[PDB]
């Protein structure tokens, strides 16, 4: 398949070929053009706060060690010994000043440097160039209010610029709330879906909630429950959708601060967010203060998703075209009382974790849609993402990005897939920019 010319995503992101969820050659190509090119979630400050603390994380199919340095910075390295390539670290988290290889005993520091080699003098004499034998380092590591991302490409735009217009929406909760913490360890489960299936679902899919989650809505009695079984749709002005140049996007459901939480937490949360909102009105304005306590369903391109307020934080780690390893953390506001932090974290897992009853509702949808992408008669078929097309705007006076002023639509799918075409058909970051020079015009076309 010639990725320079193949139309995998139509103009304006209106449709995508179903094969993108099943083609293994394309998956291999995404390793290069998506995962080795873009910003990927690694960890949070709250998980590695002290010097020597480390965690392992995936970046695409690669595994890296993410380590807090003595100077307070964070560096990340491939979890692969420079000698004969054994995996260096076999645990998920810890504290150490270095890592020693269990094969021949080479010892690397938390800074990636080759520090010791068994019997170096008797064996290598002075012939070993240790300075050129440090662990392979992740070129770029940057923080968005404690959330640490990595990128293998030195040509990538800075993380803040990469978030583009989505950043404005995240800032009330990520910055002005006083800060978030990630509660680990994450749940980890393998699903038989392509990584794009959950990514697209979280980036822009409010349409599925009432039907897919009818049973969960009915049973949990959460605030969004009026939608169970499409018994009712919300108010035209119940929310909005947005997308951005580099692919990130989100849905906004006004005021839904308790999110997917069952009625047992709704009162405490609605009180907490409302009180903080009242203070934020004076600091960032009424609109941004309301955004703080509004439910955002977001995907940070390519494979990091979250539900603010609900506090669900996901990484869709690719394994192959029909396999993904799902990591689920909870996000909590740092100044929430400890007991509320604990209950919210359990509720995140209760709804969206390994035994999450809401997440279970989505399984078959993601898995079968992905697997059908392999089936002969569906490969060349078109997945549709035209809902709301030609009503999106950009450069709005209040809400930035390409924006659909409706709660339910497919604006965010269109922006995600537009960014995806541009990457798959480009050899580098300069070519992606050239392919994206009229990104918002392409997305708003007929309006």
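Heads up, when I say rigid core I mean the largest set of C-alphas that superpose within 1.5 Å between the two forms. Residue numbers count along the first chain shown, from 1.
The higher RMS C-alpha distance to the shown form in 8 other deposited structures of this protein, out of 235 to 243 and 317 to 325, belongs to 235 to 243, with every structure fitted on the core. For the pair 345 to 353 and 126 to 134, the record assigns the higher mean C-alpha temperature factor to 126 to 134. In this entry, the higher average B-factor at the C-alpha atoms falls on 220 to 228, of the pair 244 to 252 and 220 to 228.
Of all the options 374, 192, 279, 196, the entry's greatest CA B-factor is assigned to 279. Within the group 325, 361, 367, 320, the record's highest C-alpha temperature factor is found at 361. Ranked by C-alpha B-factor against the other modelled residues of its chain, residue 415 falls in the lowest third. When all modelled residues of the chain are sorted by CA temperature factor, residue 60 is found within the lowest third. When the modelled residues of the chain are ordered by their C-alpha B factor, residue 70 lands in the highest third. Among the modelled residues of the chain, residue 379 sits in the lowest third by CA temperature factor in this PDB entry. In the PDB entry, a CA B factor belonging to the highest third of its chain's modelled residues is recorded for residue 405.
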